[PDB]
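J.: Once you've had a glance at the structure underneath, I'll fire off some questions.
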Amino acid sequence: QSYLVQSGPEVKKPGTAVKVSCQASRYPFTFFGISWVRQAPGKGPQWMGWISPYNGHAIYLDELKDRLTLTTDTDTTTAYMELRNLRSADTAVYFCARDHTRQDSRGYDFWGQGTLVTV
Amino acid sequence: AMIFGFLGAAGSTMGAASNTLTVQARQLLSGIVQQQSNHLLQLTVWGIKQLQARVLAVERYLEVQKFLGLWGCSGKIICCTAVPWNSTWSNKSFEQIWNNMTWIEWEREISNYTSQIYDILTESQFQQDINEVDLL
Amino acid sequence: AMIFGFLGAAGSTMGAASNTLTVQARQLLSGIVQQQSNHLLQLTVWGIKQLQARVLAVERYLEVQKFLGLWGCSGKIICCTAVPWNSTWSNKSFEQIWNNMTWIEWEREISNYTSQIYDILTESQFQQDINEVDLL
Amino acid sequence: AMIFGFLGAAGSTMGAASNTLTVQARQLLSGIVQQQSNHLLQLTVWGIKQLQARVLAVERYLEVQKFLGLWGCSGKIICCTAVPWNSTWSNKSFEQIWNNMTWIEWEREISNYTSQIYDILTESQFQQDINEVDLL
Amino acid sequence: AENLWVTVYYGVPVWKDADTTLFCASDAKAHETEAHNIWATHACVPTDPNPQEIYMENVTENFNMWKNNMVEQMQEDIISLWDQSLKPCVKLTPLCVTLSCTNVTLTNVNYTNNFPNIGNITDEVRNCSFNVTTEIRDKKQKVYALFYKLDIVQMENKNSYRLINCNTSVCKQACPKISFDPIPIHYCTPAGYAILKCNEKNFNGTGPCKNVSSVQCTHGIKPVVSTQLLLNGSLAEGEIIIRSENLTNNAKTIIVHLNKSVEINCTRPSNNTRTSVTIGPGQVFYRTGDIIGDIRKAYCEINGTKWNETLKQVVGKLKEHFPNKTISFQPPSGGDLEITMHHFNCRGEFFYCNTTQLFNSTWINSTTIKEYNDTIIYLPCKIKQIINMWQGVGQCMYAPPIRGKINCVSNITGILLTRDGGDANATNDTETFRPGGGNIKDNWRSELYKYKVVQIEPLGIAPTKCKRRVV
Amino acid sequence: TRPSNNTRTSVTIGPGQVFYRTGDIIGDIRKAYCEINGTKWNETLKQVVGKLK
Ligand SMILES: *[C@@H]1O[C@H](CO)[C@@H](O[C@@H]2O[C@H](CO)[C@@H](O[C@@H]3O[C@H](CO[C@H]4O[C@H](CO[C@H]5O[C@H](CO)[C@@H](O)[C@H](O)[C@@H]5O)[C@@H](O)[C@H](O[C@H]5O[C@H](CO)[C@@H](O)[C@H](O)[C@@H]5O)[C@@H]4O)[C@@H](O)[C@H](O[C@H]4O[C@H](CO)[C@@H](O)[C@H](O)[C@@H]4O[C@H]4O[C@H](CO)[C@@H](O)[C@H](O)[C@@H]4O[C@H]4O[C@H](CO)[C@@H](O)[C@H](O)[C@@H]4O)[C@@H]3O)[C@H](O)[C@H]2NC(C)=O)[C@H](O)[C@H]1NC(C)=O
Ligand SMILES: *[C@@H]1O[C@H](CO)[C@@H](O[C@@H]2O[C@H](CO)[C@@H](O[C@@H]3O[C@H](CO[C@H]4O[C@H](CO[C@H]5O[C@H](CO)[C@@H](O)[C@H](O)[C@@H]5O)[C@@H](O)[C@H](O[C@H]5O[C@H](CO)[C@@H](O)[C@H](O)[C@@H]5O)[C@@H]4O)[C@@H](O)[C@H](O[C@H]4O[C@H](CO)[C@@H](O)[C@H](O)[C@@H]4O)[C@@H]3O)[C@H](O)[C@H]2NC(C)=O)[C@H](O)[C@H]1NC(C)=O
Ligand SMILES: *[C@@H]1O[C@H](CO)[C@@H](O[C@@H]2O[C@H](CO)[C@@H](O[C@@H]3O[C@H](CO[C@H]4O[C@H](CO[C@H]5O[C@H](CO)[C@@H](O)[C@H](O)[C@@H]5O)[C@@H](O)[C@H](O[C@H]5O[C@H](CO)[C@@H](O)[C@H](O)[C@@H]5O)[C@@H]4O)[C@@H](O)[C@H](O[C@H]4O[C@H](CO)[C@@H](O)[C@H](O)[C@@H]4O)[C@@H]3O)[C@H](O)[C@H]2NC(C)=O)[C@H](O)[C@H]1NC(C)=O
Ligand SMILES: *[C@@H]1O[C@H](CO)[C@@H](O[C@@H]2O[C@H](CO)[C@@H](O[C@@H]3O[C@H](CO[C@H]4O[C@H](CO[C@H]5O[C@H](CO)[C@@H](O)[C@H](O)[C@@H]5O)[C@@H](O)[C@H](O[C@H]5O[C@H](CO)[C@@H](O)[C@H](O)[C@@H]5O)[C@@H]4O)[C@@H](O)[C@H](O[C@H]4O[C@H](CO)[C@@H](O)[C@H](O)[C@@H]4O)[C@@H]3O)[C@H](O)[C@H]2NC(C)=O)[C@H](O)[C@H]1NC(C)=O
Ligand SMILES: *[C@@H]1O[C@H](CO[C@@H]2O[C@@H](C)[C@@H](O)[C@@H](O)[C@@H]2O)[C@@H](O[C@@H]2O[C@H](CO)[C@@H](O[C@@H]3O[C@H](CO[C@H]4O[C@H](CO[C@H]5O[C@H](CO)[C@@H](O)[C@H](O)[C@@H]5O)[C@@H](O)[C@H](O)[C@@H]4O)[C@@H](O)[C@H](O[C@H]4O[C@H](CO)[C@@H](O)[C@H](O)[C@@H]4O)[C@@H]3O)[C@H](O)[C@H]2NC(C)=O)[C@H](O)[C@H]1NC(C)=O
Ligand SMILES: *[C@@H]1O[C@H](CO)[C@@H](O[C@@H]2O[C@H](CO)[C@@H](O)[C@H](O)[C@H]2NC(C)=O)[C@H](O)[C@H]1NC(C)=O
Ligand SMILES: *[C@@H]1O[C@H](CO)[C@@H](O[C@@H]2O[C@H](CO)[C@@H](O)[C@H](O)[C@H]2NC(C)=O)[C@H](O)[C@H]1NC(C)=O
Ligand SMILES: *[C@@H]1O[C@H](CO)[C@@H](O[C@@H]2O[C@H](CO)[C@@H](O)[C@H](O)[C@H]2NC(C)=O)[C@H](O)[C@H]1NC(C)=O
Ligand SMILES: *[C@@H]1O[C@H](CO)[C@@H](O)[C@H](O)[C@H]1NC(C)=O
Ligand SMILES: *[C@@H]1O[C@H](CO)[C@@H](O)[C@H](O)[C@H]1NC(C)=O
Ligand SMILES: *[C@@H]1O[C@H](CO)[C@@H](O)[C@H](O)[C@H]1NC(C)=O
Ligand SMILES: *[C@@H]1O[C@H](CO)[C@@H](O)[C@H](O)[C@H]1NC(C)=O
Ligand SMILES: *[C@@H]1O[C@H](CO)[C@@H](O)[C@H](O)[C@H]1NC(C)=O
Ligand SMILES: *[C@@H]1O[C@H](CO)[C@@H](O)[C@H](O)[C@H]1NC(C)=O
Ligand SMILES: *[C@@H]1O[C@H](CO)[C@@H](O)[C@H](O)[C@H]1NC(C)=O
Ligand SMILES: *[C@@H]1O[C@H](CO)[C@@H](O)[C@H](O)[C@H]1NC(C)=O
């Protein structure tokens, strides 16, 4: 059960805005939280934010505090992430990760295939 | 954190549902069935149904209180026992139970061993009393 | 000092009435109603009035016993709690209660806060069990 | 050593019969009378006879539970008390009771003092609560 | 780990499906009228002034009407109340005698007193004379009464009749102080049980309900009895719902639940006089002595435009379950008078209305919008006095006449249809639905479809790290 | 066994009251009877007198 699928790759000119959608299916969407991490090529993953698809409460990272906003949709069970002011160093593979459990997960159960964006 | 109504925390995990035990426990014997009920008035069609409803409410309350007495948990909401957990009834860890399951899902998982566990709890309480009589 | 009958100390102050609690407690469930009762004999006019007297005598006993269990006072005549007295229910001193008031007079004075006190007592016992599970 | 059924150890001495208390205690309120019972169906000849049995099964359980509560023995199989044995009820030694008598023979021996012993036990538990309120 | 021990939790929120005894609870305001209503008698405990409805958030529960034991329980109670209220009343054995009936004659002018010209009761009643016994058994008296042709069946020797029931069972006369007004009944549960309520707006009978809530008593359910149309019910929340145990099986009745009420306005314009004779010691028989003044057939008024709209939305939902077929409505094809005509009650007078104008149409393709101006539909209705509503299960009843003019205004909340089968002709892009079907149970599945009785199981066993302290 | 062959016929004696009667007995007509094995009864009657003595 449960599987997260992201969108296809994008090539966006610097300064534009990019929105990537992770679609969840085959499991109760609202029960488990969703996290976003980015992994630049030849580097390690970086934590970006955590969104609760139940009450919409979100948690962000200071450097991305004023640039990144996370929104969730319930009827079609899709998670959206939009980033603006795309610096040249934002090129990385972006993952959407499901929480391990319904409360105090401390781990990520399922990921997406990744979405490499070039800027 | 907000107070819940009757069975309002049925869909939440155990770790959050166990903070509302007194909500369900406070409604087990007391209800509007014990009113004054506004041709023998106590033999009418709805005079008999009220009567057996009153007896039904008592038996349901005493059916739980019977076990609490046997296990030594009288007068307790959460009662600790001296029976070690057996990793055949279930081998889930702390996080896989209290942060990932609801009380309905769990009681269905161990539904095959509730009768076995009940017998052990009574036997355990009996041993404590035996071990106390010949110790003092 | 002499032993009283049922409700013989209703007129005495609390300090003296509390020495006769077992007299009232001993008559809460047992009576002549449970006799053999010397045209279905249990459908007659008084075959029913006796049946509903037996169920009534049981609910009256279980109604009090339900609260004793929730508050952790099962099996005790006088039970001490961990709920501080709130000087809004009544601010009378020791001498103004146990040497100047009867149990009937007092229970009317705090009649407005019994329900609030009952809920507090139940919640207090719940915290003791919560604080014990995550302490051992 | 083998497990017994209901009342299987009625003929054995006390020393051996006291190890099978939970066999009798487990069957005091639970029975097939509480089934669904497969012209009001609850007023038929055996609709009434079943209802009376349900109330009888509850009174019998509560009759014993009333005494356990007054004596401070709620939730215990074997409960120790603070009432010294009086050598007028019976002056038999240890071996003359637990190795030579059955529970039926003994309860017939002290049958004249059961009522007196019950009253003393209630009075003793009352003193413990009195002595505790004015001690803490 | 080794550190885990068995712990007992009291008050756990867990339940299981169960069947139990539900008792009644009625509002006190409808009480203290001393009218001795049949259904919600004095034995009902007062309702809760502040009912509690608790929303259970992360809960999905399986509901199943057509298998709900609260429906069977309500039917058992409804019939039981009917039989006991008639037990003290007067038997009508002396009225099973030979009746010699002739055409009725009246004195009035009353030139129709209104627009409708349905007809007059003359040719719908007979003037019958017979011999009964006075208070003294060995003395006979000759009396007369006006009977509806539906209540008398000819035997032989033309102009000689008898009551219909005299070869099936004896019928009791409804006691005059008994009231037939349906007042709401709240079904409650014993302590230790609960009722689960499905809050989904568009929810068919069966399947998981994702918006369950907890209650202790049902809402006010009226025991209103009807055959083809559900009256004075509760409207749907979201939209029209078509509920059937299996839409493929044509032996199963289709229940339609409207989200917009349609008014039905029924009246009995005649003016009947209630007169009483003594048929035995302490026994008094109420009869229609005469009908003076207005004389006109009973009728019901329906706003034509509203029904066409309501019949248009319904066919819209039907086309979803029957995609490539045209939907038509037809009058019932036969059966007892309760099936072929809309049967209901109004102030103790039992009506049987035709309702053929309501269910005679065809909706081929909705190719173009057809517009017509407002019209009022008048449905002829017949009155009956020998009543057998429980399909020959309960006690037969005789309804004494009600003095004066009778008027009743009620809502239409649903329709009970019955699709008809076929192999080749019925597959030619057509589906005919005929009103009526099922039984009185379907009149209460429409109210109890959202409820479910469960038993609370407050004893939980879990592993924790707390160990009991040994002395 | 009851070897006869009775016919159940019903008349109406009152409103809703129907009386079932034996209209006729056609075919076999013989008194009802019971069959006992003589030897078995002798034995069963013989052991019993043994206990009575
Ligand atoms: C769907 O729902 C709708 C809405 O809920 C249902 O429609 C409603 O149905 C109810 C009940 O069927 C109707 O209420 C009845 O109204 C009638 C008519 O009221 C008018 O007349 C009153 C005076 O009556 C006198 O004149 C009439 C002719 O006009 C005559 O026929 C009658 O016999 C009598 O001589 C007026 O008072 C009244 O005005 C105002 O009256 C009240 C103040 O007094 C005021 O509060 C009202 O709001 C109103 O504004 C109006 O002009 C009533 O006659 C009838 O009253 C009976 O029932 C009530 C309890 O409901 C009771 O208190 C009454 O005493 C009376 O009960 C007699 O009949 C009972 C049998 O039906 C019997 O059991 C009683 O014992 C009593 O009979 C005894 O006394 C009589 C003498 O009084 C004696 O002859 C008998 O032998 C016996 O001893 C109800 O109130 C609603 O009007 C109606 N609403 C609408 C909009 O249509 C619909 O039916 C539902 N559909 C389905 C399928 O369920
Ligand atoms: C129906 O089902 C849904 C889903 O199953 C369920 O929703 C869960 O509800 C529970 C409530 O019991 C939630 O658990 C709580 O979560 C609170 C929020 O936690 C997040 O935010 C934390 C930081 O928030 C602080 O700062 C922000 C500003 O940034 C501020 O607005 C906040 O108010 C707050 O001050 C963050 O630390 C936290 O991280 C935890 O969780 C992640 C992932 O789970 C984990 O990896 C971390 O290690 C960490 O554990 C999370 O991101 C939280 O505040 C709250 O904590 C209180 O209670 C706990 C109880 O133990 C205490 O220990 C703690 O000290 C606090 O007092 C609690 O943890 C849970 O998150 C919901 N799940 C989802 C997916 O949303 C509903 O309750 C169900 N409803 C019913 C009726 O059944
Ligand atoms: C119906 O209502 C009435 C009125 O409301 C009520 O009557 C009260 O009953 C109680 C019984 O519980 C009485 O309280 C007792 O009083 C006893 C007598 O006290 C007086 O005498 C004391 C000295 O007497 C000794 O010496 C004499 C010889 O001189 C001898 O005959 C005696 O037997 C005894 O040996 C004296 O010390 C005492 O003074 C006390 O009271 C005054 C004023 O109240 C106070 O100012 C003092 O400081 C002192 O406290 C008084 O003058 C008394 O012996 C008895 O004491 C025993 O019990 C207490 C309980 O705590 C123990 O602490 C103590 O050690 C003793 O064991 C007890 O105090 C009370 O006096 C009555 N009130 C009146 C007005 O008469 C009825 O009971 C009610 N009946 C019902 C059925 O409801
Ligand atoms: C119906 O009524 C009958 C009669 O009233 C009753 O029968 C009694 O049943 C009880 C069971 O509870 C018996 O008590 C037990 O007896 C066991 C056998 O004891 C004898 O044998 C001992 C040695 O046996 C060992 O070695 C042999 C090989 O040689 C081997 O096969 C055995 O298995 C065993 O290993 C011997 O030591 C013992 O001596 C005792 O008794 C004598 C006289 O009674 C006394 O003088 C001694 O001082 C000593 O006390 C005896 O000769 C015995 O093993 C068993 O012991 C276990 O339980 C006790 C409980 O306290 C423990 O303390 C102990 O450590 C063991 O775990 C126990 O004592 C009793 O003997 C029966 N009585 C008779 C007359 O046969 C039925 O039970 C009744 N039934 C019902 C349903 O009511
Ligand atoms: C906390 O709880 C959640 C949820 O628990 C579930 O939901 C709740 C509401 C309750 O009802 C619970 O009873 C219920 O279990 C836990 O999430 C589950 O985690 C497990 C373990 O990771 C996971 O099972 C694995 O899924 C892997 C990925 O799924 C893919 O494949 C499946 C194929 O499944 C097929 O078979 C099942 C029945 O066996 C059918 O139902 C299903 O329809 C398929 O026919 C596919 O369906 C998905 O779409 C994905 O494509 C899958 O690869 C694994 O298979 C391997 O399992 C073991 C390893 O565990 C190997 O050894 C085998 O050889 C297999 O290769 C597993 O099937 C569940 O799907 C998760 N459920 C949900 C709803 O997310 C969570 O783990 C808990 N946290 C804890 C315990 O910390
Ligand atoms: C029904 O028939 C009866 C006859 O049994 C009519 O009663 C008589 O009618 C005549 C004609 O006016 C009167 O002269 C008599 O006084 C009436 N009573 C008797 C005892 O004969 C009765 O009028 C008829 N009713 C109707 C409505 O036609
Ligand atoms: C009652 O339900 C019907 C559907 O059965 C509703 O009709 C729909 O109304 C919406 C809003 O205008 C339209 O978009 C749909 O096309 C309509 N459906 C059909 C089949 O015509 C109707 O609005 C509901 N009425 C109320 C008061 O809720
Ligand atoms: C039900 O129909 C009747 C008649 O068909 C309506 O009674 C009329 O009421 C108006 C008042 O607005 C009077 O002017 C008429 O004289 C009445 N008609 C008759 C024949 O008396 C009644 O109003 C209708 N009910 C509703 C709720 O509309
Ligand atoms: C655990 O339970 C099983 C049966 O459910 C039993 O066979 C086993 O012995 C138990 N474990 C221990 C340690 O006794
Ligand atoms: C005492 O009770 C009142 C309400 O009766 C409440 O407002 C107050 O806070 C309570 N006192 C304390 C110390 O909690
Ligand atoms: C023992 O009981 C008798 C009455 O059964 C009583 O008289 C006696 O005082 C009691 N023994 C003691 C020490 O009190
Ligand atoms: C209706 O019948 C009654 C009773 O006989 C009578 O008093 C009245 O005049 C008749 N006509 C009308 C319009 O009420
Ligand atoms: C209602 O629709 C029918 C067609 O089924 C039509 O004949 C009739 O004129 C319509 N009436 C009104 C008032 O629109
Ligand atoms: C109805 O039939 C046509 C072909 O005749 C088909 O194209 C259409 O999809 C069908 N309608 C539905 C709802 O399947
Ligand atoms: C009415 O019903 C008849 C059959 O009962 C049918 O032939 C006719 O087409 C329907 N419509 C009209 C307007 O009569
Ligand atoms: C017995 O009676 C029945 C019923 O009248 C008849 O049909 C049948 O021929 C008779 N004879 C036998 C042998 O059954």
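By order of appearance in the structure tokens: chains A, B, ..., then residues from 1 within every chain, and ligands from 1 in the order shown.
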Within 8 Å of chain B, which residues of chain E are there when counting only C-alpha atoms? Please give them as a ChimeraX atom specification.

T.: /E:2-15,21-24,42-46,48,54-59,77,80-81,189-192,214,458-461,463,466-468

J.: If the limit is 12 Å from any atom of ligand 14, counting only C-alpha atoms and all ligand atoms, which residues qualify? Return them as number ranges by chain.

T.: E: 319-326, 429

J.: Please identify every residue of chain F that has at least one atom no more than 12 Å from any atom of chain E, counting only C-alpha atoms, and report them as a PDB file with N, CA, C and O atoms, in the first residue's frame.

T.:
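Below is the file that was written, iface31.pdb:
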```
ATOM      1  N   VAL F  11     -65.855 -26.278   8.201  1.00  0.00           N
ATOM      2  CA  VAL F  11     -67.011 -25.406   8.057  1.00  0.00           C
ATOM      3  C   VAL F  11     -66.753 -24.139   8.855  1.00  0.00           C
ATOM      4  O   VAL F  11     -65.916 -24.103   9.759  1.00  0.00           O
ATOM      5  N   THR F  12     -67.492 -23.091   8.511  1.00  0.00           N
ATOM      6  CA  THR F  12     -67.420 -21.817   9.210  1.00  0.00           C
ATOM      7  C   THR F  12     -68.572 -21.746  10.202  1.00  0.00           C
ATOM      8  O   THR F  12     -69.740 -21.773   9.802  1.00  0.00           O
ATOM      9  N   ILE F  13     -68.240 -21.665  11.491  1.00  0.00           N
ATOM     10  CA  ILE F  13     -69.250 -21.577  12.539  1.00  0.00           C
ATOM     11  C   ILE F  13     -69.465 -20.152  13.025  1.00  0.00           C
ATOM     12  O   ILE F  13     -70.368 -19.920  13.846  1.00  0.00           O
ATOM     13  N   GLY F  14     -68.677 -19.194  12.550  1.00  0.00           N
ATOM     14  CA  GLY F  14     -68.808 -17.818  12.960  1.00  0.00           C
ATOM     15  C   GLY F  14     -67.809 -16.933  12.244  1.00  0.00           C
ATOM     16  O   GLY F  14     -66.982 -17.406  11.459  1.00  0.00           O
ATOM     17  N   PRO F  15     -67.860 -15.628  12.503  1.00  0.00           N
ATOM     18  CA  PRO F  15     -66.946 -14.713  11.805  1.00  0.00           C
ATOM     19  C   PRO F  15     -65.491 -14.994  12.132  1.00  0.00           C
ATOM     20  O   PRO F  15     -65.045 -14.776  13.262  1.00  0.00           O
ATOM     21  N   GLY F  16     -64.742 -15.479  11.146  1.00  0.00           N
ATOM     22  CA  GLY F  16     -63.350 -15.812  11.348  1.00  0.00           C
ATOM     23  C   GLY F  16     -63.108 -17.110  12.080  1.00  0.00           C
ATOM     24  O   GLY F  16     -61.948 -17.452  12.332  1.00  0.00           O
ATOM     25  N   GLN F  17     -64.161 -17.852  12.416  1.00  0.00           N
ATOM     26  CA  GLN F  17     -64.055 -19.099  13.159  1.00  0.00           C
ATOM     27  C   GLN F  17     -64.353 -20.262  12.227  1.00  0.00           C
ATOM     28  O   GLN F  17     -65.413 -20.299  11.594  1.00  0.00           O
ATOM     29  N   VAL F  18     -63.425 -21.210  12.151  1.00  0.00           N
ATOM     30  CA  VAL F  18     -63.538 -22.362  11.267  1.00  0.00           C
ATOM     31  C   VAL F  18     -63.335 -23.621  12.092  1.00  0.00           C
ATOM     32  O   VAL F  18     -62.410 -23.693  12.908  1.00  0.00           O
TER      33      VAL F  18
END
```

J.: Fewer than 6 positions away in the same chain doesn't count, so skip those; otherwise give me all residues within 9 Å of residue 304 in chain E, counting only C-alpha atoms, as a list in words.

T.: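 The residues that qualify are residues 358, 373, 374, 375, 376 and 377 of chain E.
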
J.: Quick one: everything within 7 Å of range 52-65 of chain A, counting only C-alpha atoms, minus sequence neighbours fewer than 3 positions away in the same chain. Send it as a PyMOL selection string.

T.: chain A and resi 30-31+33-34+48-49+68+72

J.: Calculate how many Å separate CA of residue 185 in chain E from CA of residue 224 in chain E, rounding to one decimal.

T.: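 A separation of 11.0 Å between them.
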
J.: Mind listing the residues within 7 Å of ligand 5, only C-alpha atoms and all ligand atoms counted, as a list in words?

T.: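 Within the 7 Å cut-off, the matching residues are residues 1, 2, 3, 26, 27, 28, 100, 101, 102 and 109 of chain A; 95, 96, 100 and 105 of chain B.
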